[PDB]
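The chain below stands alone, shown as structure tokens; this is the form deposited in one PDB entry.
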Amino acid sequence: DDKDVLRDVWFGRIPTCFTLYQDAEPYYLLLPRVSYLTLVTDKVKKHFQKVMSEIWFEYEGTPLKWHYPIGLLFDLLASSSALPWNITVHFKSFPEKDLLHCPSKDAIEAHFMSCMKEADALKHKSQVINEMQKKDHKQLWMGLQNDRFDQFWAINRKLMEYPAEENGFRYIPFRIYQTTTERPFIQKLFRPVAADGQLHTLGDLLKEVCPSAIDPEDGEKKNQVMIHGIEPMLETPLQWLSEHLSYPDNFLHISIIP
């Protein structure tokens, strides 16, 4: 059952329509929620370069931060709009102040590994990721790049373990995003267990780090709290969410929508 959740999360898709910025037929693809725009759009680039970081993407006038996972961008920015997601493709006037350059897939690999290392520092003080052989780091990357669930999780499983005498990771890797992508996200140190060893819930996390999301009168959700396009109950244990609903980068990226 829980393994089924890992698979369902891994194979999440956003149907997307790419239209070339005016200054060419629109192009349609199922994009993996868990990956990155600049990693999965070779076909788009191929399609449009036949009529003319450098390519960049835009939603309703706002440049899309490719280093945020696709599913997170969609949930935060477009989940209230009808599918397919309408993205505009640009090849000129790169927004130098707004977007990180992405000159090659190596840049994406570096960002991804950087996120994984920060997550393991939070979870295990880097012990797991540092004890792996270098080729294991490569296998994690190639698992994502080639959309190979088995290949990725043969290694990722190790990052989801924790000591026998514990009931979860040291701290949970999460980031909470509100309204837009340019607003800094919320990220704090938060332990998955309480001082008495009880498991903290999603509600506990929000009460502590984003209480504006909670109705003070009854303690229930006030805003929409979205993870991978679904809305877990507040009483969902945080450790379980970290193990099963994290992105490949080992983070729980969470959208708050008014």
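In this text, the rigid core denotes the largest set of C-alpha atoms whose superposition between the two forms falls within 1.5 Å. When you see a residue number, it is the position in the sequence shown, counting from 1.
Judged by the one-third criterion across other entries of this protein, residue 221, though modelled here, is missing from at least a third of those that model both its neighbours. At least a third of the other compared entries skip residue 53 while keeping the residues on either side. Per the record, residue 23 and residue 24 are separated by 4 to 9 deposited residues that are missing from the model. In the deposited sequence, the stretch from residue 233 to residue 234 has no residues without coordinates, so the chain runs on without a break. For the pair 107 to 115 and 173 to 181, the mean Cα B-factor is higher in 173 to 181. If you average the C-alpha B-factors over 204 to 212 and over 61 to 69, the higher value belongs to 204 to 212. When the C-alpha B-factors of 31, 39, 193, 226 are ranked from the entry, the top spot goes to 193. For the set 164, 159, 87, 100, the maximum C-alpha B-factor listed in the entry falls on 164. Ranked by C-alpha B-factor against the other modelled residues of its chain, residue 123 falls in the lowest third. Per the PDB record, residue ranking by Cα B-factor puts residue 8 in the lowest third of the chain.
Looking at the C-alpha B-factors along this chain, the one for residue 129 belongs to the middle third. Annotation for residue 94: C-alpha temperature factor in the middle third relative to the rest of the modelled chain, per the entry. In this PDB entry, residue 83 carries a Cα temperature factor that places it within the lowest third of its chain's modelled residues.
Keep in mind the form deposited in another entry is missing from the figure; the text below concerns it.
Once the two forms are fitted on their rigid core, between the shown form and the other one the CA displacement reaches 2 Å or more only for 180 among 80, 133, 180, 146. In the core-superposed comparison between the shown form and the other one, residue 100 has its Cα shifted by at least 2 Å. Cα-Cα spacing of residue 180 to residue 67 is enlarged in that other deposited form versus the present form (difference of at least 3 Å). Cα of residue 31 to Cα of residue 182: at least 3 Å longer in that other deposited form than in the shown structure.
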